[PDB]
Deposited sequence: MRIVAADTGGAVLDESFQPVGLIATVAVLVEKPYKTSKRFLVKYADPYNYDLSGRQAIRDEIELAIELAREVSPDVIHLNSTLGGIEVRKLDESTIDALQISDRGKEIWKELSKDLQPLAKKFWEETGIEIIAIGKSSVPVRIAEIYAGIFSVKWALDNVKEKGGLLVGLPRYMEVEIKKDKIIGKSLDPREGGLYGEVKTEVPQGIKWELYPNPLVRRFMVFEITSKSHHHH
């Protein structure tokens, strides 16, 4: 099967490792063997003017996903929200309460459905393609998340005297002359990876290391040789 998925991830961190704002929203097309993506879109946010409790991320995710989906016509869209695979077009207050989720999760999504449910309904009317909230269960979602990490590092390289990027969960990045590679650190996932072309700037040093306050998350730090 052919799947379009999206995720928002990558954060600017302050010096005590507290998130300031998110960076990259990515939509990816994933096909067999479901390890990477060769066709994807990115939209950068402004992390210094970001509402971390604003939940603009998922609105960005579905729009980018639909934009990619219109170009490549997948079998399904995977949205990063763990609701058990329920179709977003079937999302009303009735079906939300029946979900096996937290009370906070139910109230976040009753408010979100007001824009997203009509969006998904119209896209389905147009194409027959469902938008499903599968979240943690989805491999395409994890691949989008890996790419959000890569594009965040690409963003950091392009916008740096010092920057701390908090990567999405247990992934690493590698810097090469003409590209950035991102890989899951979890071998249980079966070797998920991504790769993006970019020019790596001069006069900067970088390091990748564990976030001391959030175990299994890495930090990518850029410093100027100044």
*Non-modelled portions of the deposited polymer sequence, in sequence order*: 161-163, 230-233
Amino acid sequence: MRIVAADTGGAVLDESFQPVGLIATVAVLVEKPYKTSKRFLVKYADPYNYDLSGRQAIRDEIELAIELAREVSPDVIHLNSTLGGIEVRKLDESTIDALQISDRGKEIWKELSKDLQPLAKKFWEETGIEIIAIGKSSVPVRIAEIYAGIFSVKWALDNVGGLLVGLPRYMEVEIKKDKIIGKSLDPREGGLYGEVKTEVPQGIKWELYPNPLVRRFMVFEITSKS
From here on, numbers count along this sequence of modelled residues.
_Averaging CA B factors per stretch from the PDB record, which one is higher: 179-187 or 194-202?_
194-202
_Given 144-152 and 102-110, the range whose Cα B-factors average higher in the PDB entry_ = 102-110
*For the C-alpha B-factor as written in the entry, point me to the maximum among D46, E61, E174, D158.*
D158
*asked:* Per the entry's values, where does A57 land by CA temperature factor relative to the rest of its chain, in the lowest, middle or highest third?
replied: highest
*Taking the values exactly as deposited, rank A120 by C-alpha B-factor within its chain and report the matching third: lowest, middle or highest.*
middle
*asked:* Which third, lowest, middle or highest, does the C-alpha temperature factor of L79 belong to within its own chain?
replied: middle
*Determine, from the deposited record, the chain-internal third of the Cα B-factor for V139: lowest, middle or highest.*
lowest
